[PDB]
Each structure stands twice: as C-alpha cells, then as structure tokens.
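**Student:** Compact mmCIF, C-alpha atoms, file input-v2.txt:
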# COMPACT_ATOMS: atom_id res chain seq x y z
CA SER A 1 -137.46 -57.91 -39.40
CA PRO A 2 -138.86 -58.05 -35.84
CA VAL A 3 -137.38 -61.57 -35.85
CA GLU A 4 -133.96 -59.86 -35.91
CA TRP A 5 -134.61 -57.64 -32.88
CA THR A 6 -132.14 -57.79 -30.03
CA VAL A 7 -133.14 -58.17 -26.39
CA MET A 8 -132.72 -54.41 -26.01
CA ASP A 9 -135.01 -53.83 -29.01
CA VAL A 10 -137.67 -55.92 -27.28
CA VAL A 11 -137.19 -53.98 -24.04
CA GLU A 12 -137.65 -50.72 -25.95
CA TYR A 13 -140.84 -51.99 -27.62
CA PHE A 14 -142.48 -52.85 -24.30
CA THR A 15 -141.32 -49.58 -22.75
CA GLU A 16 -142.87 -47.46 -25.51
CA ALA A 17 -145.99 -49.67 -25.60
CA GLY A 18 -146.70 -48.55 -22.02
CA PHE A 19 -145.10 -51.30 -19.89
CA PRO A 20 -141.71 -50.00 -18.68
CA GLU A 21 -142.05 -51.95 -15.41
CA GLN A 22 -142.48 -55.25 -17.27
CA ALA A 23 -139.98 -54.43 -20.02
CA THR A 24 -137.18 -55.29 -17.59
CA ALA A 25 -138.46 -58.87 -17.36
CA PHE A 26 -137.86 -59.30 -21.09
CA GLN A 27 -134.24 -58.36 -20.39
CA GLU A 28 -134.06 -60.68 -17.37
CA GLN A 29 -135.37 -63.58 -19.47
CA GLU A 30 -133.23 -62.62 -22.50
CA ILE A 31 -136.20 -62.41 -24.87
CA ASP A 32 -134.92 -61.32 -28.28
CA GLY A 33 -137.04 -61.01 -31.42
CA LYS A 34 -136.67 -64.70 -32.28
CA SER A 35 -137.90 -65.76 -28.83
CA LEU A 36 -140.65 -63.13 -28.75
CA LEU A 37 -142.25 -64.72 -31.81
CA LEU A 38 -142.28 -68.10 -30.02
CA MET A 39 -144.03 -66.97 -26.82
CA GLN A 40 -147.41 -68.44 -25.91
CA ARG A 41 -149.95 -67.38 -23.29
CA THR A 42 -148.46 -69.20 -20.30
CA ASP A 43 -144.98 -67.92 -21.18
CA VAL A 44 -146.18 -64.34 -20.69
CA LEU A 45 -148.47 -64.96 -17.72
CA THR A 46 -146.16 -67.24 -15.72
CA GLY A 47 -142.73 -67.29 -17.38
CA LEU A 48 -141.72 -63.64 -16.95
CA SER A 49 -142.52 -63.22 -13.23
CA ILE A 50 -144.52 -60.05 -13.93
CA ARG A 51 -147.76 -58.77 -12.45
CA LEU A 52 -150.81 -60.47 -13.90
CA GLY A 53 -152.84 -57.43 -14.98
CA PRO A 54 -150.08 -56.06 -17.20
CA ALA A 55 -149.22 -59.59 -18.37
CA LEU A 56 -152.75 -60.20 -19.63
CA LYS A 57 -152.70 -57.02 -21.72
CA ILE A 58 -149.13 -57.56 -22.92
CA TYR A 59 -150.17 -60.97 -24.18
CA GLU A 60 -153.51 -59.95 -25.67
CA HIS A 61 -152.40 -56.86 -27.55
CA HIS A 62 -148.68 -57.34 -28.22
CA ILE A 63 -147.78 -61.04 -28.32
CA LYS A 64 -150.87 -63.06 -29.24
CA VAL A 65 -151.12 -60.78 -32.30
CA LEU A 66 -147.64 -61.71 -33.58
CA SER B 1 -126.57 -89.91 -32.66
CA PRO B 2 -128.94 -88.47 -30.03
CA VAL B 3 -130.21 -91.86 -28.82
CA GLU B 4 -126.58 -92.70 -27.96
CA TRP B 5 -125.72 -89.44 -26.19
CA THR B 6 -124.58 -89.33 -22.58
CA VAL B 7 -125.30 -86.29 -20.40
CA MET B 8 -121.84 -85.07 -21.42
CA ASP B 9 -122.82 -85.36 -25.10
CA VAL B 10 -126.06 -83.43 -24.46
CA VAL B 11 -124.09 -80.66 -22.73
CA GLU B 12 -121.76 -80.53 -25.75
CA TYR B 13 -124.69 -80.31 -28.17
CA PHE B 14 -126.20 -77.30 -26.44
CA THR B 15 -122.82 -75.65 -25.90
CA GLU B 16 -121.98 -75.96 -29.60
CA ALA B 17 -125.46 -74.71 -30.53
CA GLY B 18 -124.70 -71.46 -28.71
CA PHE B 19 -126.26 -72.10 -25.27
CA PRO B 20 -123.27 -72.75 -22.97
CA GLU B 21 -125.03 -71.23 -19.95
CA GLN B 22 -128.22 -73.26 -20.34
CA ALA B 23 -126.26 -76.43 -21.09
CA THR B 24 -125.57 -76.69 -17.35
CA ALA B 25 -129.27 -77.30 -16.67
CA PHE B 26 -129.01 -80.53 -18.65
CA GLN B 27 -126.15 -81.49 -16.33
CA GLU B 28 -128.22 -80.60 -13.26
CA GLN B 29 -131.20 -82.65 -14.42
CA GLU B 30 -128.92 -85.39 -15.83
CA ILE B 31 -130.68 -85.47 -19.19
CA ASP B 32 -128.98 -87.90 -21.57
CA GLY B 33 -129.98 -88.37 -25.20
CA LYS B 34 -132.75 -90.86 -24.50
CA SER B 35 -134.37 -88.47 -22.03
CA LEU B 36 -133.73 -85.50 -24.32
CA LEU B 37 -135.79 -87.23 -27.02
CA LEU B 38 -138.70 -87.48 -24.53
CA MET B 39 -138.82 -83.80 -23.59
CA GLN B 40 -141.92 -81.76 -24.36
CA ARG B 41 -142.28 -77.98 -24.38
CA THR B 42 -143.15 -77.50 -20.71
CA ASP B 43 -140.24 -79.73 -19.65
CA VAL B 44 -137.82 -77.23 -21.20
CA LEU B 45 -139.65 -74.00 -20.36
CA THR B 46 -140.40 -74.85 -16.72
CA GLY B 47 -138.45 -78.01 -15.79
CA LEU B 48 -134.91 -76.69 -16.29
CA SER B 49 -135.00 -73.36 -14.39
CA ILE B 50 -133.36 -71.56 -17.33
CA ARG B 51 -134.14 -68.18 -18.85
CA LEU B 52 -137.23 -68.19 -21.04
CA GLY B 53 -135.78 -66.63 -24.20
CA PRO B 54 -133.04 -69.23 -24.59
CA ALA B 55 -135.45 -71.98 -23.46
CA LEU B 56 -137.89 -71.19 -26.28
CA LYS B 57 -135.14 -71.41 -28.89
CA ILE B 58 -133.63 -74.51 -27.28
CA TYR B 59 -136.94 -76.35 -27.52
CA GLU B 60 -138.32 -75.12 -30.84
CA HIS B 61 -135.09 -74.88 -32.84
CA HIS B 62 -132.94 -77.60 -31.31
CA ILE B 63 -134.95 -80.27 -29.49
CA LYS B 64 -137.96 -80.54 -31.83
CA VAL B 65 -135.52 -81.06 -34.74
CA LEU B 66 -133.86 -84.17 -33.27
CA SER C 1 -169.51 -52.05 -17.79
CA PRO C 2 -166.89 -54.21 -16.04
CA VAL C 3 -164.44 -54.00 -18.96
CA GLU C 4 -164.24 -50.22 -18.32
CA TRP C 5 -163.39 -50.50 -14.61
CA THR C 6 -160.27 -49.13 -12.95
CA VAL C 7 -158.21 -51.35 -10.63
CA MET C 8 -159.90 -49.41 -7.81
CA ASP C 9 -163.32 -50.39 -9.20
CA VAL C 10 -162.29 -54.06 -9.41
CA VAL C 11 -161.09 -53.96 -5.80
CA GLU C 12 -164.38 -52.33 -4.79
CA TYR C 13 -166.41 -54.97 -6.62
CA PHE C 14 -164.66 -57.87 -4.88
CA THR C 15 -164.77 -56.11 -1.52
CA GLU C 16 -168.54 -55.62 -1.81
CA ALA C 17 -169.08 -59.13 -3.21
CA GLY C 18 -167.84 -60.83 -0.03
CA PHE C 19 -164.09 -61.03 -0.69
CA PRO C 20 -162.51 -58.07 1.16
CA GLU C 21 -159.29 -59.98 1.85
CA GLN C 22 -158.84 -61.38 -1.67
CA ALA C 23 -159.62 -57.95 -3.15
CA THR C 24 -156.10 -56.87 -2.15
CA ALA C 25 -154.63 -59.35 -4.65
CA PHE C 26 -156.49 -57.61 -7.47
CA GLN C 27 -154.78 -54.42 -6.30
CA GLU C 28 -151.36 -56.08 -6.07
CA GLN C 29 -151.65 -57.67 -9.52
CA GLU C 30 -153.09 -54.44 -10.99
CA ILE C 31 -156.24 -56.10 -12.36
CA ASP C 32 -158.34 -53.44 -14.09
CA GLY C 33 -161.54 -54.20 -15.99
CA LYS C 34 -159.70 -54.92 -19.25
CA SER C 35 -157.52 -57.44 -17.43
CA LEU C 36 -160.50 -58.90 -15.58
CA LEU C 37 -162.22 -59.68 -18.90
CA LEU C 38 -159.10 -61.55 -20.11
CA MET C 39 -158.64 -63.79 -17.05
CA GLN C 40 -159.00 -67.55 -17.44
CA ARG C 41 -159.40 -70.19 -14.72
CA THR C 42 -155.72 -70.78 -13.97
CA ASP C 43 -155.08 -67.03 -13.77
CA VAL C 44 -157.53 -66.72 -10.88
CA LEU C 45 -156.59 -69.96 -9.11
CA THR C 46 -152.79 -69.69 -9.43
CA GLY C 47 -152.00 -66.12 -10.47
CA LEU C 48 -153.37 -64.07 -7.54
CA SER C 49 -151.76 -65.77 -4.50
CA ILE C 50 -155.08 -66.12 -2.66
CA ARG C 51 -156.72 -68.97 -0.76
CA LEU C 52 -158.05 -71.58 -3.19
CA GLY C 53 -161.53 -71.92 -1.68
CA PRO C 54 -162.38 -68.25 -2.20
CA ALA C 55 -160.54 -68.27 -5.54
CA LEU C 56 -162.82 -71.02 -6.88
CA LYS C 57 -165.91 -68.93 -6.05
CA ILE C 58 -164.33 -65.74 -7.40
CA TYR C 59 -163.69 -67.46 -10.71
CA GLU C 60 -166.93 -69.43 -10.99
CA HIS C 61 -169.39 -66.77 -9.85
CA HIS C 62 -167.72 -63.49 -10.81
CA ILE C 63 -165.10 -63.86 -13.55
CA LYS C 64 -166.12 -66.84 -15.69
CA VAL C 65 -169.50 -65.11 -16.19
CA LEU C 66 -168.02 -61.86 -17.55
CA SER D 1 -150.25 -106.83 -9.56
CA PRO D 2 -148.81 -103.30 -9.27
CA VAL D 3 -152.15 -101.79 -8.23
CA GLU D 4 -151.95 -103.95 -5.07
CA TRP D 5 -148.46 -102.78 -4.05
CA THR D 6 -147.63 -101.11 -0.76
CA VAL D 7 -145.58 -97.90 -0.75
CA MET D 8 -142.57 -100.04 0.16
CA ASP D 9 -143.28 -102.29 -2.84
CA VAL D 10 -143.30 -99.23 -5.11
CA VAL D 11 -140.00 -98.06 -3.59
CA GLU D 12 -138.55 -101.53 -4.13
CA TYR D 13 -139.66 -101.60 -7.77
CA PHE D 14 -137.99 -98.29 -8.59
CA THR D 15 -134.88 -99.17 -6.58
CA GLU D 16 -134.51 -102.42 -8.54
CA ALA D 17 -135.37 -100.75 -11.87
CA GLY D 18 -132.29 -98.51 -11.81
CA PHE D 19 -133.60 -95.55 -9.77
CA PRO D 20 -132.42 -96.06 -6.16
CA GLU D 21 -132.15 -92.32 -5.52
CA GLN D 22 -135.49 -91.36 -7.10
CA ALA D 23 -137.20 -94.22 -5.28
CA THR D 24 -137.05 -92.16 -2.08
CA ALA D 25 -139.49 -89.66 -3.61
CA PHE D 26 -142.09 -92.41 -3.89
CA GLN D 27 -141.62 -92.99 -0.16
CA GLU D 28 -141.81 -89.27 0.61
CA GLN D 29 -144.97 -88.80 -1.48
CA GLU D 30 -146.46 -92.05 -0.10
CA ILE D 31 -147.13 -93.52 -3.54
CA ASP D 32 -148.67 -96.97 -3.11
CA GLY D 33 -149.80 -99.14 -6.02
CA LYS D 34 -153.23 -97.52 -6.21
CA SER D 35 -151.60 -94.10 -6.45
CA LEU D 36 -149.03 -95.35 -8.95
CA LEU D 37 -151.81 -96.48 -11.31
CA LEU D 38 -153.37 -92.98 -11.12
CA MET D 39 -150.23 -90.99 -11.96
CA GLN D 40 -150.13 -88.97 -15.17
CA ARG D 41 -147.14 -87.43 -16.93
CA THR D 42 -147.05 -84.14 -15.03
CA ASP D 43 -147.35 -85.97 -11.70
CA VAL D 44 -144.10 -87.83 -12.40
CA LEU D 45 -142.20 -84.93 -13.92
CA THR D 46 -143.28 -82.16 -11.51
CA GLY D 47 -144.78 -83.89 -8.47
CA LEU D 48 -141.86 -85.93 -7.13
CA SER D 49 -139.01 -83.37 -6.84
CA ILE D 50 -136.52 -85.58 -8.72
CA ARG D 51 -134.00 -85.03 -11.51
CA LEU D 52 -135.86 -84.59 -14.78
CA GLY D 53 -133.68 -86.93 -16.87
CA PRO D 54 -134.46 -89.96 -14.73
CA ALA D 55 -138.05 -88.74 -14.27
CA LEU D 56 -138.65 -88.86 -18.03
CA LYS D 57 -137.56 -92.53 -18.11
CA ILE D 58 -139.52 -93.36 -14.95
CA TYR D 59 -142.64 -92.04 -16.65
CA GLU D 60 -142.09 -93.34 -20.18
CA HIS D 61 -140.80 -96.82 -19.39
CA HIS D 62 -142.44 -97.66 -16.05
CA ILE D 63 -145.57 -95.62 -15.30
CA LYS D 64 -147.06 -94.72 -18.70
CA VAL D 65 -147.14 -98.47 -19.44
CA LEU D 66 -149.34 -99.36 -16.45
CA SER E 1 -176.40 -81.04 2.12
CA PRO E 2 -172.80 -80.93 0.84
CA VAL E 3 -173.34 -77.63 -0.99
CA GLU E 4 -173.97 -76.11 2.46
CA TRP E 5 -170.91 -77.64 4.14
CA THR E 6 -168.52 -75.45 6.05
CA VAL E 7 -164.76 -75.87 5.98
CA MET E 8 -165.21 -77.78 9.25
CA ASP E 9 -167.57 -80.21 7.50
CA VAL E 10 -165.00 -80.72 4.71
CA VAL E 11 -162.26 -81.42 7.26
CA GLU E 12 -164.50 -83.98 8.99
CA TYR E 13 -165.22 -85.68 5.66
CA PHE E 14 -161.58 -86.05 4.67
CA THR E 15 -160.55 -87.15 8.15
CA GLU E 16 -163.20 -89.87 8.33
CA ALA E 17 -162.46 -90.87 4.72
CA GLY E 18 -158.94 -91.77 5.82
CA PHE E 19 -156.92 -88.59 5.17
CA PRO E 20 -156.54 -86.85 8.56
CA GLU E 21 -153.24 -85.22 7.67
CA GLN E 22 -154.37 -83.87 4.28
CA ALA E 23 -157.59 -82.53 5.79
CA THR E 24 -155.47 -79.63 7.11
CA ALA E 25 -154.88 -78.39 3.55
CA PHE E 26 -158.62 -77.91 3.12
CA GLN E 27 -158.46 -75.76 6.26
CA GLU E 28 -155.51 -73.76 4.92
CA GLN E 29 -157.23 -73.06 1.61
CA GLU E 30 -160.63 -72.61 3.29
CA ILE E 31 -162.37 -75.05 0.98
CA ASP E 32 -166.00 -75.30 2.05
CA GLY E 33 -168.63 -77.45 0.35
CA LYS E 34 -169.40 -74.94 -2.39
CA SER E 35 -165.74 -74.72 -3.36
CA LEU E 36 -165.13 -78.48 -2.96
CA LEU E 37 -167.71 -79.06 -5.70
CA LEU E 38 -165.71 -76.79 -8.04
CA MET E 39 -162.30 -78.48 -7.65
CA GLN E 40 -160.61 -80.07 -10.65
CA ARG E 41 -157.63 -82.43 -10.82
CA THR E 42 -154.84 -79.84 -10.67
CA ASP E 43 -156.56 -78.06 -7.78
CA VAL E 44 -156.08 -81.21 -5.69
CA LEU E 45 -152.74 -82.45 -7.01
CA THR E 46 -150.97 -79.08 -6.94
CA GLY E 47 -153.26 -76.49 -5.35
CA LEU E 48 -153.39 -78.03 -1.85
CA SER E 49 -149.63 -78.65 -1.43
CA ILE E 50 -150.28 -82.16 -0.05
CA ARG E 51 -148.39 -85.38 -0.67
CA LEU E 52 -149.02 -86.78 -4.09
CA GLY E 53 -150.06 -90.33 -3.20
CA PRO E 54 -152.87 -89.20 -0.92
CA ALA E 55 -153.77 -86.42 -3.38
CA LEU E 56 -154.25 -88.88 -6.24
CA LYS E 57 -156.62 -91.02 -4.18
CA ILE E 58 -158.44 -88.02 -2.73
CA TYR E 59 -159.13 -86.78 -6.25
CA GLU E 60 -160.02 -90.13 -7.78
CA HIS E 61 -162.38 -91.40 -5.09
CA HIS E 62 -163.68 -88.29 -3.34
CA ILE E 63 -163.60 -85.22 -5.59
CA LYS E 64 -163.72 -86.37 -9.22
CA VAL E 65 -166.86 -88.33 -8.23
CA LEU E 66 -168.73 -85.25 -7.06
What is this file in structure tokens?

**Tutor:**
Amino acid sequence: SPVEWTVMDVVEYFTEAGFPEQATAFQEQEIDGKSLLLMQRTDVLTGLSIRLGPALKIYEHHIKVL
Amino acid sequence: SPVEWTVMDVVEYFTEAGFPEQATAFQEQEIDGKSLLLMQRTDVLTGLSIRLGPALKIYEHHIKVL
Amino acid sequence: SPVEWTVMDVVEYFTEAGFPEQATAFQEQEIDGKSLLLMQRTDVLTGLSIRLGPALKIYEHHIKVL
Amino acid sequence: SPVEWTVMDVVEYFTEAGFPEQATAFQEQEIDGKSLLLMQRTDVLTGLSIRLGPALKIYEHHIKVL
Amino acid sequence: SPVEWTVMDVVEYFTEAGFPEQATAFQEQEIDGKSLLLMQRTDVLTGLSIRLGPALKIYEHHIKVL
C-alpha cells in the first residue's frame, strides 16, 4: 500500500519522521509512493537538492530499508 | 516501433504515457527512438533536467520496457 | 565515539584537525556523527562544496577510517 | 589512425559524420585524437555540453568503437 | 619527494609537463603532493573544472600512473 501513496503522503511521512525541512523536496521532485520505492542512494544524496547530513539519514533509515 | 521513432514520436510516447511535462525534455535533448533505446538510468535521472519522481517512473516503467 | 557526536562536535574535530575553513561545510550540511559514519568518498569530495585538495585528505585520513 | 588526429581532425570527423553542431564541443574541449581514444561514456554524455540525443549516437557509434 | 610537494610544486609539474593553463585548477583546489596522490579519474575529469581533452591526458599520463 505505500506504493499507492500520493506525493502529499510522502511529504507527510518525511515530516513525521523528523525531516520537515527536507519533506518539501519530495514535493518539489514529485516523489509519490511509486517513485519512492525506486529511489537509490544517489537519488537521495544528489537528486533532491537537500542538505547532506539529513540526506544520509533519510536514505539509511527510510529509503534503503524499503 | 521505437527504432523508427522521430523526436516527435518520442514526445508522443511520453505524453500518452502520462508525462506531458517531461516529454519536453526529450524535445530539448532531441532524443529520437534510436537514442532512446541507448539511454541508461543516469541519462534520464540527471541528463534531462526533469523532476526526479517522474524521471524514476519514466526510466524504470517506460524506457527499460522498450 | 564519533558516531555519537553533535554537528558542533564534528565541526570542532575538523577545526582541530587542521581544516578550520572546511569545518564550516560540515556545519552547513548538518553533518553530525551519525551522518559522518555514513559518508562515502563522493559525499566528501562532491557533497560539501569545499576545495578538492583538502577534501581528499579529509576523506582519506579522517572519514574513510571511521 | 584516429589516435594521431589533431583537434581539427576530430572536429572534421564529427562534422562529416552528421554532427556539425556538436563538433564545436570537441574544439572547445580541445579533444585531439589521443584524448578521443581515452574518452569513456560519461565523458561524451556529460563532459561536452551537447544535446543528449546526438551525444548518445556520438558515443555508441563513433567513440565506443575506437 | 612528491609526497612533500606544495601546491606550488604541483603547479610547476603540470606547467612543465605541458599543461600551463590547467595548472591553475590545481591552485584553485589547493592540490598539493599528498592530495595529488589520492586523485582518481573523476577527480580530474570533473573535479577540477578543466577542459576535457587536457584532463584526459593529465589523468592518463600523469595521475593514473602515480
């Protein structure tokens, strides 16, 4: 069912997970649930235009695990 | 068939697949069917200057399947 | 241990290691100890916006070894 | 042989191969025959500042084969 | 010895080797001898922001060989 999430659902996930500043980049890049499940390391660290510290933890604990 | 597509045909393919906004990047880069069949992941995700969410779906669900 | 460090501690480490100017990029990118332990080569060399000469030493001598 | 070409010879080759506009990037980047023989895929697709459609053909049909 | 070289020594090397214009990029990035010995292909071809033809030859004949 995460594969069905809208862009706004993804934004809400990253907000509640502790990354409200970076959640807006998921909106900017139109990352819905389908796209979220396709993201790889470089997509998080370079493709969102977010700060690197948060990006590393977003990837490690919330995207690599998917 | 894809090997026979002009740039115009490529734009039509992505428009009909639900990516009318990103289809313009194939116009900008003048990617016809022969070049489309040569694209790899990074070419789509970084070489087109399109939003990452759509780019991931464009590559994985539409280009890899040609 | 380094993985427990605050961003402030990371900045202090690099300041005292010989990189007072590059330390500000660890502040800007919000690199805490958890992030520091997740960094790979390209993250240091391309993700911090610092001079490449110092970046190569920062990675080789201080981050790769973590 | 191509490895012996001057920059101007490289420009001439790409001009006569169907890429008169992209040939100027070989002049700008000062790609002589020795350089041409050292190019890898990413160098063609991201190092010349040319349209990606033509770049994919330049690599696949003309540089990869050297 | 080259491990002890300053940035100035690196600039002299690349100038005398036939790359006076690209030597400036080693100044910009403050690549001394210790850092020169750590450079990999992408560090030269992208990390210095120099022209690609010279970069390819610099890497092949002067940096990869180290």

**Student:** Got a sec: who's within 8 Å of residue 9 in chain D, counting all atoms listed in the file, leaving out chain neighbours fewer than 3 positions off, as a list in words?

**Tutor:** residues 5, 6, 12, 13, 32 and 33 of chain D

**Student:** Which one is closest to residue 59 in chain C: E:24, E:17, E:39, E:7? Count all atoms listed in the file.

**Tutor:**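 For residue 59 in chain C, the nearest of the candidates is E:39.
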
**Student:** Using only C-alpha atoms, which chain D residues lie at most 10 Å away from chain E, written as an MDAnalysis selection string?

**Tutor:** chainID D and resid 7 25:40 42:44 46:48

**Student:** One number please: CA of residue 63 in chain B to CA of residue 20 in chain B, in Å, one decimal.

**Tutor:**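 Rounded to one decimal, the two atoms are 15.3 Å apart.
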
**Student:** Hey, can you check how far CA of residue 2 in chain C sits from CA of residue 3 in chain E?

**Tutor:**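 Between these atoms lies a distance of 28.6 Å.
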
**Student:** Report as lines of an AutoDock Vina configuration file the centre and the edge lengths, in Å to one decimal, of the axis-aligned box holding every listed atom of range 7-18 of chain E, padded by 3 Å on each side.

**Tutor:**
center_x = -163.3
center_y = -83.8
center_z = 7.0
size_x = 14.6
size_y = 21.9
size_z = 10.6

**Student:** Quick one: distance from CA of residue 19 in chain E to CA of residue 61 in chain E in Å, one decimal?

**Tutor:**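 A separation of 12.0 Å between them.
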
**Student:** Would you mind completing range 8-31 of chain D so that it carries N, CA, C and O atoms, and writing it out as a PDB file, keeping the file's coordinate frame?

**Tutor:**
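The resulting file, out-v3.pdb, is reproduced below:
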ATOM      1  N   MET D   8    -143.878 -99.397   0.148  1.00  0.00           N
ATOM      2  CA  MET D   8    -142.570-100.040   0.160  1.00  0.00           C
ATOM      3  C   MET D   8    -142.342-100.888  -1.088  1.00  0.00           C
ATOM      4  O   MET D   8    -141.213-100.978  -1.588  1.00  0.00           O
ATOM      5  N   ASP D   9    -143.395-101.536  -1.593  1.00  0.00           N
ATOM      6  CA  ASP D   9    -143.280-102.290  -2.840  1.00  0.00           C
ATOM      7  C   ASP D   9    -142.962-101.374  -4.013  1.00  0.00           C
ATOM      8  O   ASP D   9    -142.215-101.753  -4.921  1.00  0.00           O
ATOM      9  N   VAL D  10    -143.579-100.187  -4.047  1.00  0.00           N
ATOM     10  CA  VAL D  10    -143.300 -99.230  -5.110  1.00  0.00           C
ATOM     11  C   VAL D  10    -141.847 -98.766  -5.022  1.00  0.00           C
ATOM     12  O   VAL D  10    -141.132 -98.704  -6.030  1.00  0.00           O
ATOM     13  N   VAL D  11    -141.396 -98.443  -3.807  1.00  0.00           N
ATOM     14  CA  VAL D  11    -140.000 -98.060  -3.590  1.00  0.00           C
ATOM     15  C   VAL D  11    -139.065 -99.162  -4.059  1.00  0.00           C
ATOM     16  O   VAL D  11    -138.053 -98.900  -4.726  1.00  0.00           O
ATOM     17  N   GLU D  12    -139.386-100.410  -3.723  1.00  0.00           N
ATOM     18  CA  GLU D  12    -138.550-101.530  -4.130  1.00  0.00           C
ATOM     19  C   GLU D  12    -138.492-101.653  -5.646  1.00  0.00           C
ATOM     20  O   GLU D  12    -137.414-101.879  -6.217  1.00  0.00           O
ATOM     21  N   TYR D  13    -139.638-101.511  -6.315  1.00  0.00           N
ATOM     22  CA  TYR D  13    -139.660-101.600  -7.770  1.00  0.00           C
ATOM     23  C   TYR D  13    -138.721-100.577  -8.390  1.00  0.00           C
ATOM     24  O   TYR D  13    -137.914-100.909  -9.266  1.00  0.00           O
ATOM     25  N   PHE D  14    -138.829 -99.315  -7.974  1.00  0.00           N
ATOM     26  CA  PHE D  14    -137.990 -98.290  -8.590  1.00  0.00           C
ATOM     27  C   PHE D  14    -136.530 -98.433  -8.210  1.00  0.00           C
ATOM     28  O   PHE D  14    -135.654 -98.155  -9.037  1.00  0.00           O
ATOM     29  N   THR D  15    -136.251 -98.873  -6.985  1.00  0.00           N
ATOM     30  CA  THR D  15    -134.880 -99.170  -6.580  1.00  0.00           C
ATOM     31  C   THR D  15    -134.269-100.228  -7.495  1.00  0.00           C
ATOM     32  O   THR D  15    -133.157-100.053  -8.016  1.00  0.00           O
ATOM     33  N   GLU D  16    -134.997-101.314  -7.725  1.00  0.00           N
ATOM     34  CA  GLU D  16    -134.510-102.420  -8.540  1.00  0.00           C
ATOM     35  C   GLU D  16    -134.562-102.142 -10.034  1.00  0.00           C
ATOM     36  O   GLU D  16    -133.940-102.886 -10.807  1.00  0.00           O
ATOM     37  N   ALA D  17    -135.265-101.094 -10.460  1.00  0.00           N
ATOM     38  CA  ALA D  17    -135.370-100.750 -11.870  1.00  0.00           C
ATOM     39  C   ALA D  17    -134.227 -99.866 -12.346  1.00  0.00           C
ATOM     40  O   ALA D  17    -134.113 -99.635 -13.555  1.00  0.00           O
ATOM     41  N   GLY D  18    -133.393 -99.369 -11.439  1.00  0.00           N
ATOM     42  CA  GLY D  18    -132.290 -98.510 -11.810  1.00  0.00           C
ATOM     43  C   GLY D  18    -132.383 -97.112 -11.226  1.00  0.00           C
ATOM     44  O   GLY D  18    -131.568 -96.249 -11.562  1.00  0.00           O
ATOM     45  N   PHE D  19    -133.346 -96.886 -10.319  1.00  0.00           N
ATOM     46  CA  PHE D  19    -133.600 -95.550  -9.770  1.00  0.00           C
ATOM     47  C   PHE D  19    -133.553 -95.541  -8.242  1.00  0.00           C
ATOM     48  O   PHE D  19    -134.484 -95.074  -7.586  1.00  0.00           O
ATOM     49  N   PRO D  20    -132.463 -96.039  -7.630  1.00  0.00           N
ATOM     50  CA  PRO D  20    -132.420 -96.060  -6.160  1.00  0.00           C
ATOM     51  C   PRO D  20    -132.543 -94.698  -5.504  1.00  0.00           C
ATOM     52  O   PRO D  20    -133.088 -94.605  -4.396  1.00  0.00           O
ATOM     53  N   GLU D  21    -132.024 -93.641  -6.125  1.00  0.00           N
ATOM     54  CA  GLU D  21    -132.150 -92.320  -5.520  1.00  0.00           C
ATOM     55  C   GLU D  21    -133.558 -91.754  -5.686  1.00  0.00           C
ATOM     56  O   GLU D  21    -134.126 -91.206  -4.733  1.00  0.00           O
ATOM     57  N   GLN D  22    -134.141 -91.883  -6.880  1.00  0.00           N
ATOM     58  CA  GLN D  22    -135.490 -91.360  -7.100  1.00  0.00           C
ATOM     59  C   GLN D  22    -136.540 -92.155  -6.354  1.00  0.00           C
ATOM     60  O   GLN D  22    -137.626 -91.626  -6.072  1.00  0.00           O
ATOM     61  N   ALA D  23    -136.240 -93.406  -6.006  1.00  0.00           N
ATOM     62  CA  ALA D  23    -137.200 -94.220  -5.280  1.00  0.00           C
ATOM     63  C   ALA D  23    -137.602 -93.571  -3.962  1.00  0.00           C
ATOM     64  O   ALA D  23    -138.737 -93.758  -3.496  1.00  0.00           O
ATOM     65  N   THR D  24    -136.706 -92.790  -3.353  1.00  0.00           N
ATOM     66  CA  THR D  24    -137.050 -92.160  -2.080  1.00  0.00           C
ATOM     67  C   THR D  24    -138.186 -91.156  -2.221  1.00  0.00           C
ATOM     68  O   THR D  24    -138.892 -90.886  -1.243  1.00  0.00           O
ATOM     69  N   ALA D  25    -138.379 -90.591  -3.411  1.00  0.00           N
ATOM     70  CA  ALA D  25    -139.490 -89.660  -3.610  1.00  0.00           C
ATOM     71  C   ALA D  25    -140.827 -90.377  -3.570  1.00  0.00           C
ATOM     72  O   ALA D  25    -141.833 -89.787  -3.153  1.00  0.00           O
ATOM     73  N   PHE D  26    -140.869 -91.631  -4.019  1.00  0.00           N
ATOM     74  CA  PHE D  26    -142.090 -92.410  -3.890  1.00  0.00           C
ATOM     75  C   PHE D  26    -142.418 -92.680  -2.433  1.00  0.00           C
ATOM     76  O   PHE D  26    -143.591 -92.704  -2.049  1.00  0.00           O
ATOM     77  N   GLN D  27    -141.392 -92.872  -1.599  1.00  0.00           N
ATOM     78  CA  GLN D  27    -141.620 -92.990  -0.160  1.00  0.00           C
ATOM     79  C   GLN D  27    -142.114 -91.673   0.423  1.00  0.00           C
ATOM     80  O   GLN D  27    -143.107 -91.636   1.162  1.00  0.00           O
ATOM     81  N   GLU D  28    -141.445 -90.574   0.080  1.00  0.00           N
ATOM     82  CA  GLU D  28    -141.810 -89.270   0.610  1.00  0.00           C
ATOM     83  C   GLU D  28    -143.232 -88.876   0.230  1.00  0.00           C
ATOM     84  O   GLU D  28    -143.979 -88.335   1.056  1.00  0.00           O
ATOM     85  N   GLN D  29    -143.627 -89.135  -1.012  1.00  0.00           N
ATOM     86  CA  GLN D  29    -144.970 -88.800  -1.480  1.00  0.00           C
ATOM     87  C   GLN D  29    -145.996 -89.872  -1.155  1.00  0.00           C
ATOM     88  O   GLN D  29    -147.180 -89.690  -1.469  1.00  0.00           O
ATOM     89  N   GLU D  30    -145.571 -90.977  -0.542  1.00  0.00           N
ATOM     90  CA  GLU D  30    -146.460 -92.050  -0.100  1.00  0.00           C
ATOM     91  C   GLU D  30    -147.266 -92.618  -1.267  1.00  0.00           C
ATOM     92  O   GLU D  30    -148.491 -92.769  -1.211  1.00  0.00           O
ATOM     93  N   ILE D  31    -146.548 -92.951  -2.336  1.00  0.00           N
ATOM     94  CA  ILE D  31    -147.130 -93.520  -3.540  1.00  0.00           C
ATOM     95  C   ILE D  31    -147.204 -95.034  -3.352  1.00  0.00           C
ATOM     96  O   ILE D  31    -146.197 -95.730  -3.471  1.00  0.00           O
TER      97      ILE D  31
END
